[PDB]
């Protein structure tokens, strides 16, 4: 019934394909966890579904409709189960509307320093929900194998403002409440939905032209940022140019960061990375932008494969550094030095504690480094382009990566990657 994730075996619904979330979120007091929601999901199915089973953790559903009609539904501790009048069958779509309100719950953190979900701090409420926190404030198929598009209408006090992933279109004001509308038009995982409410400023920059593609530029600055918390002019443009030349077209219509005066890790929310000021460094800004491809466009089939996101986004930092004239092998050697004094593992994680560990970042990055040195920069660059296209609209797995390497780069290239993917001991440092 669930997706059957190796790490989180209860999340999601098997065969469920949510294509679009139309969310109206109302935050009465930014900084306080209470909220209310009105969401319509446009859902498809990959296998016949007699029910729609969504993840929800905290708020209480008060009403549900299926294609405009009253429908039978029950809410458990962590699920909303909607009995459909008839099975939803592949090729068909329906619209599930849920009315809900209450207090989002944070998913317990046994792996990361973040308890993921709806965060409340310093007059700010915002999503920091990787891996399974989005269900706290949004009834969702909470699994990266099912990305979707989002249209979000956020209602906040007039004194406040809001920013969500996607292009900002309208703001209206009535009875002391503002409503802002954002349109995420390319599909991303549930946790990649950025959503921040409170005292925030929108700042635009000139468009970035990437040969037959225009990328809009805007950052968000919340109040109370430390002195010197900035995105310096033109850096995002040069990063977009270097990364897209390596990976292919930037998958979204806008990019920027939302700089927050809190102390947490950066999260790669789509087209608008949620960036605590503590993490606002050049390498982290590159890292988060690389995730727009690897993580947000290319999504995981299973949470055990986080290195396909974290390792790829980490290696992009080395590709960027070399683009700025730096010595990439030295950076690779530094990564290796840091891993050499830590326990190592195969890249496919077996436990939740591992999915964001040092192996996922740096052993994954060095896995790509081994492959690149084996096949050369030209072949490696064409593989990255082929990889992104192969796994757009189809979730990626470690096995599928190795199969792709075998057909595209050959059996020797595949076994080079396999030494780094499999095997408990950390292999020697990859060298030219």
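Numbering follows the first chain given and starts at 1. C-alpha atoms forming the largest set that superposes within 1.5 Å between two forms make up the rigid core.
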Exercise. If you line up the core and then measure how far each C-alpha sits from this form in 5 other deposited structures of this protein, which stretch comes out higher, 267-275 or 112-120?
Worked result: 112-120
Problem set entry | Stretch with the greater mean C-alpha B-factor as recorded in the entry, comparing 75-83 against 128-136 | 75-83
For this session: Give the stretch, out of 39-47 and 361-369, with the larger mean C-alpha temperature factor in the deposited entry.
Result: 39-47
Seminar exercise, completed: Scanning 281, 143, 97, 287 for peak Cα temperature factor in the entry gives 281
Problem set entry | Most elevated Cα B-factor in the entry, residues 18, 411, 23, 421 | 411
Problem set entry | B-factor third for the C-alpha atom of residue 201 within its chain | highest
Problem set entry | Chain-wide C-alpha B factor ranking for residue 294, given as lowest, middle or highest third | lowest
Exercise. Going by what the PDB entry lists, where does residue 267 fall on CA B-factor within its chain: lowest, middle or highest third?
Worked result: lowest
For this session: Sort the modelled residues of this chain by their C-alpha B factor and say whether residue 387 lands in the lowest, middle or highest third.
Result: lowest
Exercise. Thinking about Cα B factors across the chain, which third does residue 320 belong to?
Worked result: middle
